[PDB]
J.: 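Sending over a structure as structure tokens; questions will come in a sec.
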Amino acid sequence: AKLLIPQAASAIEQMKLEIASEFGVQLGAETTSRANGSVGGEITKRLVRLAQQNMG
Amino acid sequence: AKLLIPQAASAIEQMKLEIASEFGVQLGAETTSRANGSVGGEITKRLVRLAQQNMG
Amino acid sequence: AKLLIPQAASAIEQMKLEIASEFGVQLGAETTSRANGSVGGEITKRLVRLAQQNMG
DNA sequence: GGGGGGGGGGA
DNA sequence: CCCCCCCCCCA
């Protein structure tokens with residue numbers, strides 16, 4: 001799960017737990033894919049949205 | 001083809017065209033889906049990276 | 001790629017293959033976006049036709 | 001495995 | 001809407 005910028009590990013980590021509770025999902029191997037994936041989906045969606053903001 | 005932040009359309013377009021040149025691919029109907037697709041993959045990668053950077 | 005109705009996956013899959021054959025198009029990354037796209041166009045066309053028929 | 005963000009098409 | 005891609009991230 002390496003990132004482009006490892007120094008951001010802390011950042012995403014916060015946003016991760018944030019989105020988790022929002023959708024009400026428990027990031028664990030005992031959970032479905034559509035559940036663990038929905039999180040990573042929102043994370044990417046937000047990172048993109050922010051980047052598009054600092055360019056508009 | 002609505003973007004998350006349509007106000008960035010012009011910025012992402014210039015990014016698209018510049019990446020196409022750097023990649024040597026000529027965007028178009030007659031281009032392979034792989035070549036066209038690669039430009040879109042770079043946009044997301046760079047946007048995600050820039051987000052992580054200017055954040056964490 | 002998640003279709004409106006995932007359960008239709010198998011059916012659209014067969015229609016796709018049958019359309020590819022009629023068109024003489026080989027679906028793939030190295031195939032032009034136009035050739036690949038042509039197939040998706042027929043699929044939507046036939047689906048809309050079926051819906052208009054079984055609707056009166 | 002999944003979700004999301006982009007690229008190029010066709011109907 | 002469907003087709004073919006590429007990328008990011010979660011697990």
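The figures here come from the full heavy-atom set of this structure, side chains too, leaving out hydrogens, waters and symmetry mates. In the text below, chain A, chain B and the rest are named by the order of the sequence lines, each starting its count at 1.
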J.: What's the shortest heavy-atom distance between A/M55 and B/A11, and which atoms?
T.: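 Minimum heavy-atom contact is O-CB, 3.6 Å.
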J.: Between A/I43 (CD1) and E/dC8 (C1'), how many Å, whole number?
T.: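 Value for this atom pair: 10 Å.
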J.: Does any residue of residues 3-13 of chain C have a heavy atom under 4.0 Å from DNA chain E, and if so, which ones, in number order?
T.: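 Per residue number, the list reads C/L3, C/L4, C/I12.
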J.: Are A/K2 and E/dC8 close enough that a side-chain N or O sits under 4.0 Å from OP1 or OP2?
T.: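 No, outside the criterion.
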J.: So, B/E13 and B/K16, do they make that salt bridge, N to O below 4.0 Å?
T.: no
J.: Given the structure, check if the side chain of A/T44 and the base of E/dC8 hold any donor-acceptor pair shorter than 3.5 Å.
T.: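 Under the 3.5 Å cut-off, the side chain and the base do form a donor-acceptor pair.
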J.: Grab the CD-P distance between C/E22 and E/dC3 for me, whole Å please.
T.: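 Taking CD of C/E22 and P of E/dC3, I get 16 Å after rounding.
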J.: Starting at CD1 of B/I19 and ending at P of E/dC7, how long is that distance when rounded to a whole Å?
T.: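 In whole Å, E/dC7 P lies 13 Å from B/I19 CD1.
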J.: Distance check needed: E/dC3 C1' versus C/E30 CD, whole Å only.
T.: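 It works out to 16 Å between those atoms.
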J.: If I take atom OG from residue C/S38 and atom CG from residue C/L27, how far apart are they, to the nearest 0.5 angstrom?
T.: 8.0 Å
J.: Is C/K2 reaching over with its side chain to a backbone N or O of C/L4, donor-acceptor style, under 3.5 angstrom?
T.: yes
J.: B/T44: which residues meet the side-chain contact (heavy atoms from CB on, under 4.5 Å) condition with it, sequence neighbours left out?
T.: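 B/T44 satisfies side-chain contact (heavy atoms from CB on, under 4.5 Å) with B/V48 only.
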J.: Which nucleotide of DNA chain D is the first, and which the last, in the 5' to 3' direction, to come under 4.0 Å of a heavy atom belonging to chain A?
T.: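 Range of nucleotides touched by chain A: D/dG1 to D/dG6.
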J.: Can you name the nearest heavy-atom pair linking A/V25 to A/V39, along with the distance?
T.: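 Result for this residue pair: CG1-CG2, 3.4 Å.
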J.: Using heavy atoms and a sub-4.0 Å distance, could you list which residues of residues 45-56 of chain A are near DNA chain E? By number, please.
T.: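 Nothing qualifies; none.
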J.: Please check: side-chain N/O of A/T31 versus main-chain N/O of A/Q26, any donor-acceptor pairing under 3.5 Å?
T.: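 Between the backbone of A/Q26 and the side chain of A/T31 there is a qualifying donor-acceptor contact (under 3.5 Å).
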J.: Kindly state each residue pair satisfying side-chain hydrogen bond (donor to acceptor under 3.5 Å, both in side chains) with at least one member in residues 45-56 of chain A, sequence neighbours excluded.
T.: A/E22-A/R46, A/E42-A/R46
J.: Say whether, by atom type as modelled, one donor and one acceptor occur between the side chain of B/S33 and the main chain of C/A29 under 3.5 angstrom.
T.: yes
J.: Using a 3.5 Å limit for the pairing distances, which stems of at least 3 consecutive Watson-Crick or G-U wobble pairs does DNA chain D take part in?
T.: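 The stems are D:1-10 with E:1-10.
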J.: E/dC5 P sits how many Å from B/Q26 CD, rounded?
T.: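 Rounded to whole Å, this separation is 21 Å.
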J.: I need the B/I43 CD1 to B/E18 CD distance, nearest 0.5 Å.
T.: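 So the CD1 of B/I43 and the CD of B/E18 are separated by 11.5 Å.
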J.: With hydrophobic residues grouped by side-chain heavy-atom distances under 4.5 Å, do B/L3 and B/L47 end up in a single group?
T.: no
J.: Tell me which nucleotide among E/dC6, E/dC3, E/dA11 gets nearest to the side chain of B/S38.
T.: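 Selected nucleotide (nearest to the side chain): E/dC6.
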J.: For the CD1 atom of C/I12 and the CD atom of C/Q7, what is their distance to the nearest 0.5 Å?
T.: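 It comes to 12.0 Å.
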J.: What nucleic acid atoms does C/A35 come within less than 4.0 Å of, heavy atoms only: base, sugar-phosphate, or nothing?
T.: nothing
